[PDB]
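Encoded as structure tokens, the structure appears first; notes follow it.
Counting starts at 1 for both ligands and their atoms, in listed order. Sequential numbering from 1 along the given sequence is applied to the chain's residues. FYI, side chains are in, hydrogens and waters are out, and symmetry mates aren't considered; it's all heavy atoms of this structure.
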Amino acid sequence: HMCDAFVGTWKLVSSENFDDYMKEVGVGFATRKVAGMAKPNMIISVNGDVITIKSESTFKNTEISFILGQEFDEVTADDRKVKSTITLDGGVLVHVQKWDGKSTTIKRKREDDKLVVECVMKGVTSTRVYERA
Ligand SMILES: O=C(OCc1ccc(Cl)cc1)c1[nH]c(=O)[nH]c(=O)c1F
């Protein structure tokens with residue numbers, strides 16, 4: 001039952017500071033513009049120890065599957081090749097991506113009826129709020 005409150009289909013309802021977060025990460029202009037316009041759904045499922053997180057939008061469809069604590073290589077929507085590790089820390093999914101000596105952290109948590117995504121690169125945070133679809 002690990003992650004039960006995360007499982008389901010979620011739709012983006014608000015975003016703050018996402019352009020600035022993408023600039024900090026190194027995302028180029030055209031990708032920032034099209035990615036920032038996207039209204040993704042996030043589809044989270046669990047089968048045994050394997051968690052799958054899909055993102056679907058008009059920009060990109062992505063999918064990761066992973067086991068908590070077990071590093072994996074990920075191609076991000078902006079085409080970075082990163083090494084990722086996702087853990088559960090006090091009920092928060094904490095996703096760390098490493099590439100080219102840089103690091104960013106994406107936290108996903110349940111708050112009331114929302115799934116809140118916080119993306120942090122150095123001092124820049126973006127907050128993205130999802131509701132059940
Ligand atoms: O920032 C996240 O990915 C990093 C990223 C951000 C922008 C680009 Cl172009 C590529 C990758 C992320 N992950 C999620 O699961 N939901 C979100 O809303 C979300 F923004």
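Between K109 and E118 there is a salt bridge, since at least one side-chain N of the basic residue sits less than 4.0 Å from a carboxylate O of the acidic one.
A donor-acceptor pair is defined here as one N or O able to donate and one able to accept, closer than 3.5 Å; no such pair exists between the side chain of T85 and the backbone of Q70. Using a distance-only test at 3.5 Å, with no hydrogens or angles considered, a donor-acceptor pair links the side chain of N17 to the main chain of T125.
For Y21 and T104, the side-chain atoms include at least one donor-acceptor pair closer than 3.5 Å.
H95 and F72 have tilted rings, their planes meeting at an angle from 30° to 60° on a 0 to 90° scale.
Looking at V25 against ligand 1, nothing comes within 4.0 Å, counting heavy atoms. Contact annotation: for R32 versus ligand 1, there are no heavy atoms closer than 4.0 Å.
Among all protein heavy atoms, the one lying closest to atom 18 (O) of ligand 1 is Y130 OH, 2.7 Å. Annotation: atom 14 (C) of ligand 1 to nearest protein heavy atom, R108 NH2, 3.3 Å. The protein heavy atom nearest to atom 7 (C) of ligand 1 is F18 CZ, 3.3 Å. At the top of the distance list for atom 9 (Cl) of ligand 1, counting protein heavy atoms only, stands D78 CB, 3.7 Å. Among protein heavy atoms, the minimum distance from atom 4 (C) of ligand 1 is reached at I106 CD1, 3.8 Å.
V34 shares a hydrophobic cluster with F59; the chain of contacts runs through ILVMFWY side chains whose heavy atoms sit under 4.5 Å apart.
Looking at ligand 1, you won't find any N or O of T31 less than 3.5 Å from one of its N or O atoms.
Heavy-atom separations between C119 and ligand 1 include at least one value shorter than 4.0 Å. For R80, the heavy-atom gap to ligand 1 drops under 4.0 angstrom.
For the pair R128 and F18, the cation sits on the ring face: its NZ or CZ lies under 6.0 Å from the ring centre, inside 45° of the axis.
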